[PDB]
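First comes the structure, then the notes that go with it.
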Amino acid sequence: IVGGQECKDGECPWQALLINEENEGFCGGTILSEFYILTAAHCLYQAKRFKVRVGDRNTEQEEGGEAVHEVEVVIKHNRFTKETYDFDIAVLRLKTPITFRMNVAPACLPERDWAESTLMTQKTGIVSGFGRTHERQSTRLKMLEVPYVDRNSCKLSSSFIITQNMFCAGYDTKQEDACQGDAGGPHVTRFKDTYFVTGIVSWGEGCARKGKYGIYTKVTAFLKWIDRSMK
Amino acid sequence: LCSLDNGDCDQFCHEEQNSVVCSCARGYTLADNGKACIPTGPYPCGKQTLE
RNA sequence: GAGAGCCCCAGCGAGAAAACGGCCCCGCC
Ligand SMILES: O=C(NC[C@H]1CN(c2ccc(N3CCOCC3=O)cc2)C(=O)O1)c1ccc(Cl)s1
Ligand SMILES: [Ca+2]
Ligand code: NA
């Protein structure tokens with residue numbers, strides 16, 4: 001995350017970290033249930049093999065309530081393409097159930113129509129992760145408030161096609177954005193002190209560049225696919 | 001209805017037979033008042049953790 | 001909306017050194 005703040009104790013308990021063979025974090029995830037993690041499809045092409053860490057906040061100091069879960073099942077969206085990053089979504093089923101505790105709790109899946117009318121129409125959402133702090137990876141979990149950006153502005157701003165499975169969030173010139181390493185992580189929207197999954201960190205042209213935004217997988221278009229993928 | 005302050009619902013609001021209907025995400029129960037959402041267990045979805 | 005042709009299919013099926021088309025989600029006359 002570029003700019004933003006640290007996640008303080010218990011503030012981002014739905015954050016998951018995908019970790020490769022050398023225990024290096026490379027992508028984020030969002031805890032949905034005891035067995036299921038939401039992530040980006042393109043994150044499945046970064047590491048040879050990986051596990052999911054949850055309940056982590058400072059990677060440098062591994063003492064506390066962190067736990068690494070092995071992935072039983074990967075459920076990538078059949079329509080994902082790396083040429084466009086369209087359908088940038090996957091669901092991981094874990095071999096072992098997550099024990100919810102301090103810093104380990106799922107984000108809520110909203111109903112679609114309500115999500116569209118009530119969450120997507122909010123001023124801002126919250127993105128989080130362990131990724132780089134400029135365009136390089138944070139040792140501490142960070143969060144950032146990102147304004148929703150209208151589709152027409154987003155499309156004009158972009159060098160790549162913005163599909164209906166994507167939305168923009170962040171700032172025109174202000175040096176705040178997600179970055180490399182945050183992909184697959186949570187974009188959640190707050191409504192009366194309850195946080196609902198609204199996006200997946202997908203891609204951006206660099207990080208915090210002027211006249212560019214963060215591109216997120218529009219979770220509302222995938223709520224049905226998610227339900228299916230959670231059995 | 002649902003455009004007037006979410007129909008007074010804590011979470012989901014839907015318009016049904018000219019009337020508001022509130023509902024809640026899995027892991028919540030609808031309160032007696034038909035509007036508030038009540039956690040069933042200690043770690044309900046979407047809540048920042050305190051202990 | 002519907003029907004069809006194809007494309008996709010790391011989920012449930014089936015099969016053959018564990019990203020290798022019957023069904024759920026899903027795309028493109
Ligand atoms: O990971 C990010 N970017 C870091 C890196 C990744 N990246 C980047 C990666 C892919 C694509 N795209 C665009 C979609 O078609 C395929 C493709 O190739 C564009 C940019 C880039 O230019 O820098 C992000 C920045 C903001 C958000 Cl939100 S995610
Ligand atoms: Ca730690
Ligand atoms: Na920007």
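Scope of the values below: all heavy atoms of this structure, side chains included, with no hydrogens, waters or symmetry mates. In what follows, every chain begins at residue 1, and chains take the letters A, B, ... in the order their sequences are listed.
Taking atom P in both C/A14 and C/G5, one finds a spacing of 27 Å when rounded to whole Å. Rounded to a whole angstrom, the distance from the P atom of C/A2 to that of C/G21 is 26 Å. C/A18 and C/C28: their P atoms are spaced 37 Å apart (whole Å). To the nearest whole angstrom, the two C1' atoms, one in C/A4 and one in C/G27, are 16 Å apart. Nucleotides C/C9 and C/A19, compared at atom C1', are 12 Å apart to the nearest Å. Comparing C/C23 with C/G13, their P atoms sit 16 Å apart, to the nearest whole Å. For the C1' atoms, the distance linking C/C6 with C/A10 amounts to 22 Å, nearest Å. Using atom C1' as the reference point in both C/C24 and C/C8, the two lie 15 Å apart (nearest Å).
Here C/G27 presents its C1' atom at 14 Å from NZ of A/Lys224, a figure rounded to the nearest Å. The interatomic distance linking A/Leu38 (CG) with C/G11 (P) rounds to 17 Å, in whole Å. Rounded to whole Å, atom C1' of C/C8 lies 14 Å from atom CH2 of A/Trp225. A/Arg49 has its CZ atom 20 Å from the P atom of C/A17, to the nearest Å. In this structure, CD of A/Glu70 is placed 15 Å from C1' of C/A18, rounded to the nearest angstrom. Rounded to an integer number of Å, the gap from A/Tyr36 OH to C/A10 P is 16 Å. Rounded to an integer number of Å, the gap from CD1 of A/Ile226 to P of C/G11 is 17 Å. Per the geometry, CZ belonging to A/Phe87 stands 17 Å off P belonging to C/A10, to the nearest Å.
In this pair, A/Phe100 and B/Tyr43 present their aromatic rings tilted. The plane angle is within the 30 to 60° band.
From the dihedral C1'-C2'-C3'-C4', which is positive here, one reads the pucker of C/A14 as north, toward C3'-endo. Judged by the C1'-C2'-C3'-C4' torsion, which is positive here, the sugar of C/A16 sits on the north, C3'-endo side. Regarding nucleotide C/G21, the torsion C1'-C2'-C3'-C4' is less than zero, so its sugar is described as south. A positive value of the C1'-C2'-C3'-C4' torsion places the sugar of C/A4 in the northern pucker family.
For A/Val74, taking side-chain heavy atoms from C-beta onward, the closest of the listed nucleotides C/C26, C/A10, C/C24 is C/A10.
Pairing status of C/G15 against C/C20: a Watson-Crick or G-U wobble pair, both distances under 3.5 Å.
When the side chains of ILVMFWY residues are joined at heavy-atom separations under 4.5 Å, either directly or via intervening members, A/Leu18 and A/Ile31 end up in a single hydrophobic cluster.
At the heavy-atom level, A/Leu44 lies under 4.0 Å from base atoms of the strands shown.
Pair assignment for C/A10 gives none, since no Watson-Crick or G-U wobble pairing has each distance under 3.5 Å.
In this structure, A/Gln61 places its CD atom where only 12 or fewer heavy-atom neighbours from other residues, nucleotides or ligands lie under 6.0 Å away.
Anti is the classification of C/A14, since its glycosidic angle lies more than 90° from 0.
Using a 3.5 Å distance cut-off with no hydrogens or angles, the side chains of A/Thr124 and A/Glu145 do pair a donor with an acceptor. Side-chain atoms of A/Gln164 and A/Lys218 include a donor-acceptor pair closer than 3.5 Å. Between B/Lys47 and A/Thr194, the side chains place a donor N or O and an acceptor N or O closer than 3.5 Å (distance only, hydrogens not considered). For A/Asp86 and A/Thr163, the side-chain atoms include at least one donor-acceptor pair closer than 3.5 Å.
Both A/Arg79 and A/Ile75 sit near RNA chain C, but only A/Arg79 has its closest nucleotide nearer the 5' end. Nearer the 5' end of RNA chain C, as judged by each residue's closest nucleotide, is the contact made by A/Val73, out of A/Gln46 and A/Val73.
Judged by ring centres under 5.5 angstrom apart and ring planes under 30 degrees, C/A10 does not stack on its strand neighbour C/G11.
If you check distances only, the side chain of A/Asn78 never reaches the base of C/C9 with a donor-acceptor pair under 3.5 Å.
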